[PDB]
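In the block that follows, a single chain appears as structure tokens, in the form deposited in one PDB entry.
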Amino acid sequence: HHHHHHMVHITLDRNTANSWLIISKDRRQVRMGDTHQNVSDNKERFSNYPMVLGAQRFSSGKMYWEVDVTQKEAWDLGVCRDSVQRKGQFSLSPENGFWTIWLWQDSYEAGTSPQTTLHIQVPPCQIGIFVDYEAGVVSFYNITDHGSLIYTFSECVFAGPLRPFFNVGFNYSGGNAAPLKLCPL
């Protein structure tokens, strides 16, 4: 792909983070802590899952960023509406305001309803995410495999400002402690 020139500098919004997450000083990396991280609760924090939003809000244009997922067993990545539900149980779907892919139990799936099987021959260490607001497109690229397409959501009905979306996943196995990292331009 040739989307690299729409690169945007994404930073994580502490205030949206699940209370167990640890965000680096530069706001570019996030990982699951072993316990509650000693912050007060607020209506923005994701309660049920280890999720956090980027600070940036997009309502027009073309945006591109990259995320490092090296040695993780489980994660969700993409974009969501600024007004997605924060508390309780919910599914990642466009009906609920999410345009995402994930890794879970050695398979990759797109967050459609119901979910769609992805066909990945080279497990990615870094994912590229492209959003075209006007066209209603969210695309995912395998940076490890020369930028090969993973999945395109088209005819997206964003219905609001968009925010970058992250889930570091649980670490019940002891094999999923590694961080998500926003990769430099």
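We number the residues from 1 along the sequence you see.
Missing here is the form deposited with a small molecule bound; even so, the following discussion is about that form.
The small molecule in the bound PDB entry is approached by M51, whose closest heavy atom lies within 4.5 angstroms of it. The closest non-hydrogen atom of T16 lies beyond 4.5 Å of the small molecule in the bound PDB entry.
For the chain shown alone, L103 is a contact residue for the small molecule in the bound PDB entry, at least one non-hydrogen atom being within 4.5 angstroms.
Although the partner is absent here, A74 sits close enough that one of its heavy atoms falls within 4.5 Å of the small molecule in the bound PDB entry.
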